[PDB]
Every structure is written in structure tokens, then in C-alpha cells.
Enquirer: 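Sharing a structure here in C-alpha cells format.
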Amino acid sequence: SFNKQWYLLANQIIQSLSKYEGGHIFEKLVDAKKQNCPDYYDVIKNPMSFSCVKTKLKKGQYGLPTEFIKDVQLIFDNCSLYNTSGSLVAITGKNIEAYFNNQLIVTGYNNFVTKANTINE
Ligand SMILES: Cc1[nH]c(-c2ccccc2C(F)(F)F)c2c1C(=O)CCCC2
Ligand SMILES: [Cl-]
């Protein structure tokens, strides 16, 4: 059914991000002390990781396909906010962001976004 179909696609997309070269740095929430960034949660007020999104998909927390996108994009927005442009981490976030936006097209996920935006308008 409709929601089952884009839940399955979102699970496939998120797993492809996890397996992207360097994607492991977004898999879990940043450990401020262990990663030597003690000010991280002073800057990032809405943290997000791939495993957070996977948990929301597993538990059924998303009601609209755009909610999945907003969370994944939040990962990359947090990355660009905290990390200086050109740094290793910022470069990796820009790369996976571009990969994610292309996957939303080639999988057809954006088609579910368009349908759902019309249903709930
Ligand atoms: C998105 C993000 N991920 C990681 C991370 C996590 C676990 C292992 C390794 C890393 C790292 F290599 F990227 F640093 C960090 C991070 C930041 O925003 C802060 C800068 C460095 C820490
Ligand atoms: Cl690493």
C-alpha cells in the first residue's frame, strides 16, 4: 500500500547513505567528548543521525514522506553548520547530500512526495 511503499524506499535510501564512502561518520550521534568537539551540542540543537532515521522508520514514526527527507537533510545541515567548509567532514557531508538528492529522483521517491503533498493540501 501507499505508505508501505515509500517506507520501503526510504529504508533502501537510508541504507545506501550508510554504505556510501565515509557515511559512517553520520551513522551515530556525535559523541562530543570522544570526537573532541565538546561544544557540538552548544551549536547543534537538533542532532540527527542515520540510525535515528532508521529507528523512526522501524517504529513507524513518519506520517508523510517529506518527514523522512527533512530529517536526512537535517543531518547535512548540521554538518555544514558545525564544520568549516572544505574540512574533511564538511566535504563528506556535501558529497552524501548530493548523492541523497539524486537518489530521491532515480528511486522515484519524489513521486510519493508529490502525491502526498496533494493529498494533504
Ligand atoms: C557529522 C560528524 N561525524 C563525526 C564523526 C563521528 C564518529 C566517528 C568519526 C567522525 C568524524 F570522522 F567525522 F570525525 C563528527 C561529526 C561532526 O560534525 C563534528 C566533527 C567531528 C566529529
Ligand atoms: Cl573516521
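The residues of the chain are indexed from 1 along the displayed sequence. Just so it is clear, the values below take in all heavy atoms, side chains as well, and ignore hydrogens, waters and symmetry mates. Just so you know, ligand 1 is whichever comes first in the structure, and atom 1 is the first atom listed for that ligand.
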Enquirer: Can an N or O of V30 be found at a distance shorter than 3.5 Å from an N or O of ligand 1?
Expert: no

Enquirer: Could you tell me the residue and atom name of the protein heavy atom closest to atom 9 (C) of ligand 1, and the distance to it rounded to 0.1 Å?
Expert: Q35 OE1, 3.6 Å

Enquirer: Which protein non-hydrogen atom lies closest to atom 13 (F) of ligand 1, naming both residue and atom, and how far is it?
Expert: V89 CG2, 3.2 Å

Enquirer: Is the number of heavy atoms from other residues, nucleotides or ligands under 6.0 Å of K19 NZ greater than 12?
Expert: no

Enquirer: Would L74 and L29 show up in the same hydrophobic cluster when neighbours are defined by side-chain heavy atoms closer than 4.5 Å?
Expert: no

Enquirer: When the ring planes of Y99 and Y20 are compared, do they come out parallel, tilted or perpendicular, using 30° and 60° as the limits?
Expert: tilted

Enquirer: For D39 and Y82, test the side chains for any donor-to-acceptor distance below 3.5 angstrom and give the result as yes or no.
Expert: yes

Enquirer: Do we see a donor-acceptor contact under 3.5 Å between the side chains of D77 and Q73?
Expert: yes

Enquirer: Does any N or O of ligand 1 fall below 3.5 Å from an N or O anywhere on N83, backbone included?
Expert: yes

Enquirer: Tell me: protein heavy atom nearest atom 4 (C) of ligand 1, and distance?
Expert: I25 O, 3.7 Å

Enquirer: Which ligand 1 atoms, with their elements, are less than 4.0 angstrom from a heavy-atom of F26?
Expert: 1 (C)

Enquirer: In terms of atom number and element, which parts of ligand 1 are under 4.0 angstrom from non-hydrogen atoms of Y82?
Expert: 19 (C)

Enquirer: Evaluate ring pair (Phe, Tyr, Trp, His ring centres under 6.0 Å) for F68 paired with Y7, printing each intermediate quantity in order.
Expert: CA-CA 9 Å; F68 165 75; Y7 257 75; 8.9 Å; no

